[PDB]
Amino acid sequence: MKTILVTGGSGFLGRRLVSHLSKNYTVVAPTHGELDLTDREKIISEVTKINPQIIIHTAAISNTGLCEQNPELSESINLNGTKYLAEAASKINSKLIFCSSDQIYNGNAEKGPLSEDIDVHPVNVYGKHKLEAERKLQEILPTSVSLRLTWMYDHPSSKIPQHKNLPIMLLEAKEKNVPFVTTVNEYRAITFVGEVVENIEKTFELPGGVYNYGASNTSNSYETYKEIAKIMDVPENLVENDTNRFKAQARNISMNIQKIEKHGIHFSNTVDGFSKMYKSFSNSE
């Protein structure tokens, strides 16, 4: 009975991973109050007591100032946490699955889908800290797996609660009649959480390294979201194209996913991924 320790059960992906993997795995999903990650002594011993075969780390690899009333805003590397999770994992040869981000690509100036071997230099704090976590998971845990995830979504009529993501934002533009702003200077994919969650068992056997993980997309955000809005019966004129955003240089974070296609892991593209699972779903509309 393999034991899966999930750090980040409270989050959007964490809470959905726990529900799916509680079928055939024992899932131990503690709260940040239950399991202070920066307490090395505690995390080493608690990891050893649970003795998990697989660790899926989704918890905040540091954070900005928002979400808190009294934040420090040191704006240093603020790593640790995963470092202690890493050494605890190495002690019992655990398989660590880090939830990374395609925002690592957001500084790249190349066009078309980007591969995992291409030199990266993100521009915002989120991309910088995710990349730094990747590099350090590698040197301490060579067998560890880094999945660069995209902006994601559940069906907008889902039972599992979720904060505002794009399917909800397009529906709200329909009700309030205020248009949702986007741009042609953005190339990004959005992946149904179900495909991310359903493919997650296949990653357990992957050799250690960095893997692009999510939907593909060759279209820009403005073209993509019109296609999605047009599926949801959302007026066309409700999705606007602001040429000012990313004017200095386009944000291209569309991933080439052939590395995981070799290992039999498939994601559909962004448009046909949304449509298939908008229709498949048992929501009458």
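Throughout, we count residues from 1 along the sequence that is shown.
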item: Of 197-205 and 68-76, the stretch whose C-alpha atoms average the higher B-factor in the entry; value: 68-76
item: Greater mean Cα temperature factor according to the PDB record, 169-177 or 145-153; value: 169-177
item: Which of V271, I265, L13, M277 ranks first by CA B-factor in the deposited coordinates; value: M277
item: Most elevated Cα B-factor in the entry, residues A60, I253, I260, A229; value: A60
item: Third of the chain, ranked by Cα B-factor, where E139 sits; value: highest
item: Assigned third (lowest, middle, highest) for the C-alpha B factor of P113; value: lowest
item: B-factor third for the C-alpha atom of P161 within its chain; value: middle
item: Chain-relative CA temperature factor third for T243; value: middle
item: Position of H121 among the chain's modelled residues by C-alpha B-factor, lowest, middle or highest third; value: lowest
